[PDB]
C-alpha cells in the first residue's frame, strides 16, 4: 500500500479544476469553447473511473483526509456514485455541443458532486 489519500486528493483537485472553465462559461465570464468543455468532461469521466480504487478501509484512520467513515458502511453506494458521475460526464460529451446545450445539460453532471459530498465528505 501507498499514500492513496494523497493520490485521490490530487485527482479530486484536478476534477475541481476541470469544472472551473465550465463555471466561467456559465457565468458569462469566458466565451463558449467546445474543445475546453469536452476536455473537462473527459477529465471528470476518467477521474471518476480511477477514484473507486483509492478508498481502502485501512486508510479510514489516515489523518489528512476529508473522507468520512460513512463511506465504509455504504461502500457500494459510494462506488456507484462515482460510476454515475462517470456515466453522466460521458453522456454529456455527446449531449453538450453548444452553449445552449451546456446550459440545459450541465446540471445533471455537476449535481453528482454535491450528492456525494453531502454524505461522504467533511463539511
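Residue numbers count along the first chain shown, from 1.
Participant: Should the higher mean CA B-factor in the entry be assigned to 80-88 or to 25-33?
Facilitator: Mean C-alpha B-factor is greater for 25-33.
Participant: Out of 67-75 and 35-43, which stretch has the higher average CA B-factor listed in the record?
Facilitator: If you average the C-alpha B-factors of 67-75 and of 35-43, the larger mean comes out for 67-75.
Participant: Among the modelled residues of its chain, does the C-alpha B-factor of residue 10 lie in the lowest, middle or highest third?
Facilitator: Highest third - that is where residue 10 ends up once the chain's C-alpha B-factors are sorted.
Participant: Ranking the modelled residues of this chain by C-alpha B-factor as given in the entry, is residue 59 in the lowest, middle or highest third?
Facilitator: According to the entry, residue 59 has a C-alpha B-factor in the chain's highest third.
Participant: Test of reading the entry: by CA B factor among the chain's modelled residues, which third contains residue 93?
Facilitator: Ranked within chain, residue 93 CA B lands in the middle tercile.
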